[PDB]
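Engineer: As a preliminary step, the opening chains of the complex are given here in situ:
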Amino acid sequence: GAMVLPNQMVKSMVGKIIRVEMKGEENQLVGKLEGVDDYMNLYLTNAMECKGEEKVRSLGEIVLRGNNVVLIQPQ
Amino acid sequence: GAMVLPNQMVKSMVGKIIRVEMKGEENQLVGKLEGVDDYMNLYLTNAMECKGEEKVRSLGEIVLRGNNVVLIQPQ
Amino acid sequence: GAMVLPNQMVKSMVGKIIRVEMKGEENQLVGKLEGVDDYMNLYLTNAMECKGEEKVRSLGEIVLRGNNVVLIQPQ
Amino acid sequence: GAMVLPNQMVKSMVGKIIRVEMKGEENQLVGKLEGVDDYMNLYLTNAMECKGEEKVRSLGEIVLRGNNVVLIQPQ
């Protein structure tokens, strides 16, 4: 039939708020997805470190390494 | 003789429910496989975080990074 | 002189029972190797989770991500 | 619309101070980004190991392996 490619899905999240779980991070990152590439490297702006709905640190602009991204969820 | 390629097997799971164990995740992810690519990145919909048959969190749409996928099992 | 390539060795295990240690798994996986690719992704059938000769969980069909495979041993 | 590629963002940080969280490191690295490549390997100069605003070790010149970089933040 048909299916939606992961890269297609992630690109559709550009300009929107997403939540990301990183392998080398205990808290999740929440911010606006400003850019992404085929290796799933992510560039977030207005980002913050969160533990669920609890904010723990303001980060602003950050770049996440794709091979260390575990899960991405539209917010 | 003959053999079934892993990528072939994973693609056959599209449209069906699968259980995934991630390297940077202590609980498994269960959801409908809506899309996958050659690097085994996975796009699940109607997903949930589970510990066996026990549901712990509703997630909805999520994208799993292929190099952090450990095991995939048809549900 | 001569040598046996790892990929050559793994392919020779197809159709046979193997034991696999995964980076993101504390127990080993034992099952029939039904398929493998150049990135060492593995497709096992009739698989089970074991701790040595002790069976802890029946799994059936599973796909193991190659970059998270640590060691493969013919059973 | 438009978006900023992660690699584009990281390159724009060259010549400036950045903070980096590594997967195999408990403390962050802070230093001047002197060079970077497409795999996000990083070359920092005048670097130091920090825990937030707390300096714990002087490092000087160091090269960080891209696949072990977790997060990069302009300082």
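Structural biologist: Happy to help now that I have it. Numbering: from 1, shown residues only, chains lettered A, B, ... in the order given.
Engineer: Could you check stretch A:43-59 and say which residues are buried?
Structural biologist: Going by neighbour count (16 or more other C-beta atoms under 10 Å in any protein chain shown), the buried part of stretch A:43-59 is A:43, A:44, A:47, A:48, A:49, A:50, A:59. (Each C-beta comes from the backbone N, C-alpha and C, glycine too.)
Engineer: Narrow those residues to those in strands?
Structural biologist: Taking DSSP state E, the ones among those that sit in strands are A:43, A:44, A:47, A:48, A:49, A:50, A:59.
Engineer: So of the buried residues of stretch A:43-59, which two are at opposite extremes in space?
Structural biologist: Maximum pairwise distance in those, criterion C-beta to C-beta, is 18.0 Å, between A:43 and A:50.
Engineer: Could you list which of the ones in strands among the buried residues of stretch A:43-59 also contact chain B?
Structural biologist: Taking C-beta under 8 Å from any C-beta of the partner chain as the test, chain B is in contact with none of these.
Engineer: Go ahead and add chain E:
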Amino acid sequence: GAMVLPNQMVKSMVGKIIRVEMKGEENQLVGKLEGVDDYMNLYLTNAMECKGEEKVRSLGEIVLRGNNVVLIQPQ
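Structural biologist: Let me add chain E to what's already shown:
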């Protein structure tokens, strides 16, 4: 001047006994290097699991995944 490439060094170890430290393994692997490829996947024969000079498990034939190899040392 000149230098010896890592892959060149590893290939020179073929046919000889080596000690390997794996990322997803607490004990080292010691065995005869029967084969290796450019991704540093390793095929050892007559292998054993060791903790220094202490043998803990006999393994025989095993294939080690290159990206999970940490250190290789001629024995």
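Engineer: before we move on, what SS does the residue of chain A found nearest chain C have?
Structural biologist: Using C-beta to the nearest C-beta, the single residue of chain A nearest to chain C is residue A:67, 9.0 Å away. Following DSSP: H, G, I helix; E, B strand; the rest coil, we place residue A:67 in the helix state.
Engineer: mind saving the C-alpha coords of stretch A:67-75 as CSV?
Structural biologist: Written as CSV, here are the backbone C-alpha positions of stretch A:67-75 (Å, rounded to 0.1, in the frame of the first residue of the first chain):
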residue,chain,number,x,y,z
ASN,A,67,22.8,9.3,16.1
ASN,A,68,22.2,10.2,19.7
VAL,A,69,18.5,11.0,19.2
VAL,A,70,16.3,8.3,20.6
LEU,A,71,12.8,9.5,20.1
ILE,A,72,11.1,12.5,18.6
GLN,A,73,7.5,13.5,19.5
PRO,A,74,5.4,16.4,18.1
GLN,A,75,4.4,18.5,21.1
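Engineer: same structure, new chain, call it chain F:
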Amino acid sequence: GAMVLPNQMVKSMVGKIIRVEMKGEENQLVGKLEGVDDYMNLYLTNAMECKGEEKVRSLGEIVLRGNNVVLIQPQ
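Structural biologist: Putting chain F together with the chains above:
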């Protein structure tokens, strides 16, 4: 302006003593860099395992897997 590529920096360390932190290693490796490749695999000679300025084990010749290298520092 201009910048120094990480691979360029690492190659300039050939023939000199470097300190390396590995992801799957708790102690650092210190030795003479005899060879390196584009994936940052490293071949050290006269190497030793250290904890800062404290020597804990003599290693001699060792090959470090590039994707498990975390940080490299000229000694």
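Engineer: show me where chain A has helices.
Structural biologist: A:6-12 (DSSP state H).
Engineer: Could you tell me how far the most centrally placed residue in it is located from residue B:23?
Structural biologist: Ranked by distance to the mean C-alpha position of chain A (C-alpha atoms, centre = their mean), the top residue is residue A:20 at 4.0 Å. Residue A:20 sits 15 Å away from residue B:23, going by C-beta to C-beta, to the nearest Å.
Engineer: Count the residues that sit near the residue in chain A positioned nearest to chain E.
Structural biologist: The nearest approach of chain A to chain E comes at residue A:67, 10.3 Å away (C-beta to the nearest C-beta). Using other C-beta atoms under 10 Å in any protein chain shown, residue A:67 has 23 other residues around it.
Engineer: and if you look at residue A:18?
Structural biologist: 22.
Engineer: ditto for the one 4 residues further on
Structural biologist: The criterion is other C-beta under 10 Å. On that basis, residue A:22 has 23 neighbouring residues.
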